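Just the one chain here, the form deposited in one PDB entry, laid out as structure tokens.
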């Protein structure tokens, strides 16, 4: 008598340690491996996300698509006080799960969750969320929004030289229009990490695209 996202949260509440981000991630990944698949970036691709954050040291991050909060918890746990991870989530029930997950994980002081569609919120970031430019963007929402939101981020002046875009699922389910754009454009320098779809033995990959300036 509940939703899958509630079942994931409840599993965390009963199995993970309050305030322990590692333990929250482990409980989510265990539940989704063993009981019900869900579209979290997961532990194998999450290790690649962690390495990108360690390599580029962002302190202002934007996430597109929060779902149950797995990736927000994963990324926020690596950030130091004063860092900001702004996450945009269009589905208000998912947003409600994400806020509870972030709170339980102990990272709420680093996370600003915004309910709404990325295309509506992105142009408000500078004036309403006190953003200058972004250090890193994690794209993980509906894949047909990757390219339009990348273009919007650029038009809105949110990318500086050196901003890191990191996109999940560029192979499966796929983001070919986004890939063709960033790989063909002199405005980006791209790296591809081959990996696997979360919780499955199916090939996937992430693309890192560094903005070079207009």
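Numbering follows the first chain given and starts at 1. Rigid core here is just the name for the largest C-alpha set that superposes within 1.5 Å across the two forms.
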{"query": "Stretch with the higher entry mean CA B-factor, where the candidates are 128 to 136 and 96 to 104", "finding": "128 to 136"}
{"query": "Of 62 to 70 and 148 to 156, the one with larger mean CA B-factor", "finding": "148 to 156"}
{"query": "Residue, from 29, 36, 50, 168, that the PDB entry assigns the highest Cα B-factor", "finding": "36"}
{"query": "Residue 143, C-alpha B-factor rank within chain (lowest, middle or highest third)", "finding": "middle"}
{"query": "Modelled-residue ranking by C-alpha temperature factor, third containing residue 2", "finding": "highest"}
{"query": "Relative C-alpha B-factor of residue 9, binned into the chain's lowest, middle or highest third", "finding": "middle"}
{"query": "Where the record places residue 197 (Cα B-factor, split into thirds across the chain)", "finding": "middle"}
{"query": "Chain-relative CA temperature factor third for residue 44", "finding": "highest"}
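Beyond what is shown, the protein has a form deposited in another entry; the following relates to that form.
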| property | result |
| --- | --- |
| Per-residue C-alpha change between this form and the one not shown, residue 192, threshold 2 Å, rigid core fit | no |
| Closer or farther: C-alpha pair residue 204/residue 134 in the other entry, relative to this form, given a change of 3 Å or more | farther |
| Pairwise C-alpha change, residue 152 versus residue 208, in the other entry against this form - closer or farther, 3 angstroms or more | farther |
